[PDB]
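Inspection log for the structure reproduced underneath, given as structure tokens.
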Protein chains: 2
Amino acid sequence: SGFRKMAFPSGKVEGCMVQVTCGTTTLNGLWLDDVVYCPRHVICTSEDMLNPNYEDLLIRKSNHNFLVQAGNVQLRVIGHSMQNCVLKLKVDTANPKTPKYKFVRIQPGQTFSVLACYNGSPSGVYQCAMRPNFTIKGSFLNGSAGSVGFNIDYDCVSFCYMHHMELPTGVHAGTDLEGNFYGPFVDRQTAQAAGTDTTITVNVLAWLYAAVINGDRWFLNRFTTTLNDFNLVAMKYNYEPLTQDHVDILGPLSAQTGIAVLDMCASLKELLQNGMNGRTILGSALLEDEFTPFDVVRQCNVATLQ
Amino acid sequence: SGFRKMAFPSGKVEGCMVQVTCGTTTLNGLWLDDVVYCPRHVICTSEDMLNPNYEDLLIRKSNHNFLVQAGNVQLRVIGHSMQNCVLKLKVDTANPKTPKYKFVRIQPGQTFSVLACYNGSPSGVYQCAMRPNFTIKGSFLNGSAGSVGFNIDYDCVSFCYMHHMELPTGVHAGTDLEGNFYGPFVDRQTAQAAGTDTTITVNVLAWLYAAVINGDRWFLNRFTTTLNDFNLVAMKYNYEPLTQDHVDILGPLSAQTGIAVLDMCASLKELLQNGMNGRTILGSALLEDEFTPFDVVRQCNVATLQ
Ligand code: NA
């Protein structure tokens, strides 16, 4: 029993973090095989960071300008490549702790674990949802760029996020491991705003299924809705529209509870319109939206064969 | 920026986690040097678990009865003994990944990270506080016993919790690494109840101070209270009574912010009675009590030298 936002175990990732210093700017890199991946603004001065021309800045850098440290071992940089907003530093040594891994680009409403690092050294780990406005509500201080987000499936680490920056509102923006930003953001110190965040509807529905399984079911009703009619109400209340892809991932919970997705949608719709009127769901007056259908099935209480 | 319930990186603990099987009963063990620590109820059949005489049940077990797997490597048990509620299985191979470590008994109110494991495979990591009633509100399913709780101090792992059971309320109970239960619980399937789960008042207050440093102080007011009249309200809401000693603990944060502890108490009193009115504090719509007075400032935003 018990619902907790858990991160995946971070060990396979810890053995890949290094420190990357380019002159008087430092951040973290990810060391896989003989390549170290890091945010390209490691080549900037603080002044450069206002309006960098990264191609012009990189021309002035040589392999010797990059100092890469794996604990107490210096790795010699033998080539470098800018790819979108990440730098790929080829080093003379393959990382012996390289896990089986892939790079994947995640979608809003999906979760991943963040390993926050400073100076190449892992600091803490926590679970994030990619918000519909393509920011994450992380915890990140100066020097944390190059920290990565990931999911783990058996032994295979799927890297999906590299941290780059913090917006004026205190939320966080980064790239996938190919170096393309999530969202409309750029790695310059300019006045950028993230769009209005919206509630991740599929995750609230998963939460509601979890509530039913644990016996909390006052909010169920006998009403019917089309998906388009439900989505019109969702958009009014700044909830994300439910897609067929969301309906697919709610399949197992629907099957195990016998509540069709569109019936649980009609139940949510009444919640949005009428509020919760002093009732609670799973012991809270607020609807959770960062437990995915996968999270819910993994942690939900289960039947007991007696 | 950002404020998150963060756990320590779990890599140093992942390398210690093994599966222990005795008959058809399996759970996790902690492999340090040539010893595996696990909950003693691995020797029970399910029917044994109701009212076990552990001494009698252990007498009928031999070394050969314990199967230990570290990944694909089988670890043969070459001695065994019981210590309170844990077993120490001596194995033929010292763990080459043993970190620097110690066993420590934490206090109610203190925090620790949990590496939840099943079949000796680490599954997830999250941060918990030892509740005033000596329970933990974690996410644990069948087969998670033997999962451990820990803090990391640079390179040294302080193991402080080993998981054993779930009470009828869904809350979790366990032991230190010498096998002594936190709280009055016993490792048998009986009708046990924990004491009242109170909110950790000193932790909420430290969090309010961290809020002020970050710039959330909409809850600050000009009112002040005495310790007694605060505790009147505290008991009404099942907050721990605030002692003068707790008041002393908050001295440093009080000096950091210029805010008298009893003035912060006045703000907390008003928040308890009137709620937050749709405002949040450090991104939370609830009063957070899982951050210790030392831990809270580490995530605060800092001054920027311009
Ligand atoms: Na600088």
Side-chain angles (χ1 to χ4, degrees), chain A residues 5-20 27-39 68 70-71 75 83 86-91 93-107 110-117 120-130 136 138 140 144-164 172 174-180 182 292 294-295 298, chain B residues 6-17 70-72 97 113 115-126:
Chain A
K5 286 180 168 197
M6 316 159 213
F8 286 110
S10 55
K12 285 176 181 74
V13 174
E14 289 161 57
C16 305
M17 327 286 309
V18 295
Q19 174 178 252
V20 179
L27 41 61
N28 313 280
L30 184 73
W31 182 24
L32 307 167
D33 299 315
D34 62 339
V35 175
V36 171
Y37 300 82
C38 74
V68 175
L75 314 178
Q83 169 182 307
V86 300
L87 227 51
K88 292 178 59 179
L89 308 170
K90 183 182 199 181
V91 285
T93 307
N95 183 356
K97 297 177 211 216
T98 305
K100 205 271 172 223
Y101 72 93
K102 41 175 101 143
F103 295 164
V104 303
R105 188 173 175 90
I106 67 173
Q107 303 291 8
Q110 297 181 322
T111 54
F112 55 96
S113 305
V114 170
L115 178 63
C117 306
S121 163
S123 179
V125 64
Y126 51 92
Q127 175 87 336
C128 285
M130 179 60 74
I136 65 171
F140 289 116
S144 64
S147 295
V148 299
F150 59 97
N151 286 292
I152 303 173
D153 193 30
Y154 300 90
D155 48 352
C156 177
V157 177
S158 291
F159 296 105
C160 60
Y161 178 81
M162 187 157 261
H163 185 52
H164 290 241
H172 299 107
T175 66
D176 60 19
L177 265 294
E178 290 173 338
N180 300 296
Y182 294 97
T292 69
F294 170 85
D295 298 340
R298 176 160 97 120
Chain B
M6 227 170 285
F8 290 103
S10 60
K12 300 175 164 33
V13 179
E14 289 164 53
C16 304
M17 274 337 277
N72 325 61
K97 289 159 191 26
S113 301
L115 181 63
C117 309
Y118 301 88
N119 300 290
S121 294
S123 177
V125 51
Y126 54 93

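Just so we're on the same page: letters track the sequence lines, and every chain starts at 1. Only heavy atoms go into these numbers, but all of them, side chains included; no hydrogens, no water, no symmetry mates.
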For [X], all residues meeting side chain to side chain contact (heavy atoms under 4.5 Å, CB included), sequence neighbours excluded:
X         : value
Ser123(B) : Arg298(A), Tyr118(B)
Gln107(A) : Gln110(A)
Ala145(A) : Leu27(A), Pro39(A), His41(A)
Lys97(B)  : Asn95(B)

Measuring from [X]:[atom1] to [Y]:[atom2], what's the distance to the nearest 0.5 Å?
X         : Y         : atom1 : atom2 : answer
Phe150(A) : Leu115(A) : CZ    : CG    : 5.5 Å
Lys90(A)  : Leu75(A)  : NZ    : CG    : 14.0 Å
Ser147(A) : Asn28(A)  : OG    : CG    : 5.0 Å

Residue list, side chain to side chain donor-acceptor pair (under 3.5 Å) with [X], at least two apart or on another chain:
X         : result
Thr292(A) : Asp295(A)
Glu14(A)  : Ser10(A)
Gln19(A)  : none
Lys5(A)   : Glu290(A)

Counting N and O atoms only, with roles assigned by atom type, does the side chain of [X] sit under 3.5 Å from a partner on the main chain of [Y], one being a donor and the other an acceptor?
X         : Y         : value
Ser113(B) : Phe8(B)   : yes
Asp176(A) : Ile106(A) : no
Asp33(A)  : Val35(A)  : no

Holding to ring-ring contact (aromatic ring centres under 6.0 Å, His included), I want the full list of residues that pass it with [X], two or more places apart in sequence or in another chain.
X         : result
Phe103(A) : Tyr37(A), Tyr101(A)
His164(A) : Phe181(A)
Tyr126(A) : none
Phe159(A) : none

Got [X] and [Y] here, is their nearest side-chain heavy-atom distance under 4.5 Å?
X         : Y         : result
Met130(A) : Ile136(A) : yes
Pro99(A)  : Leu32(A)  : yes
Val125(B) : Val13(B)  : no
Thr175(A) : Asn180(A) : no

- Any chance you could lay out the side-chain contact (heavy atoms from CB on, under 4.5 Å) test for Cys38(A) and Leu89(A), step after step, and finish with the verdict? CA-CA 8 Å; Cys38(A) 74; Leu89(A) 308 170; 4.3 Å; yes
- Query: Parallel, tilted or perpendicular: which fits the ring planes of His163(A) and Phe140(A), with parallel below 30° and perpendicular above 60°?
  - Reply: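 Plane angle under 30°, so parallel.
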- Query: Which atom names give the shortest non-hydrogen contact between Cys117(B) and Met17(B), and what distance separates them?
  - Reply: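 Heavy atoms only, the tightest pair is SG-CG, 3.5 Å.
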- Heavy-atom pair with the smallest gap, counting every atom of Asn151(A) and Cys160(A): ND2-SG, 4.3 Å
- Salt-bridge criterion met for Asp155(A) and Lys100(A) (N-O under 4.0 Å): no
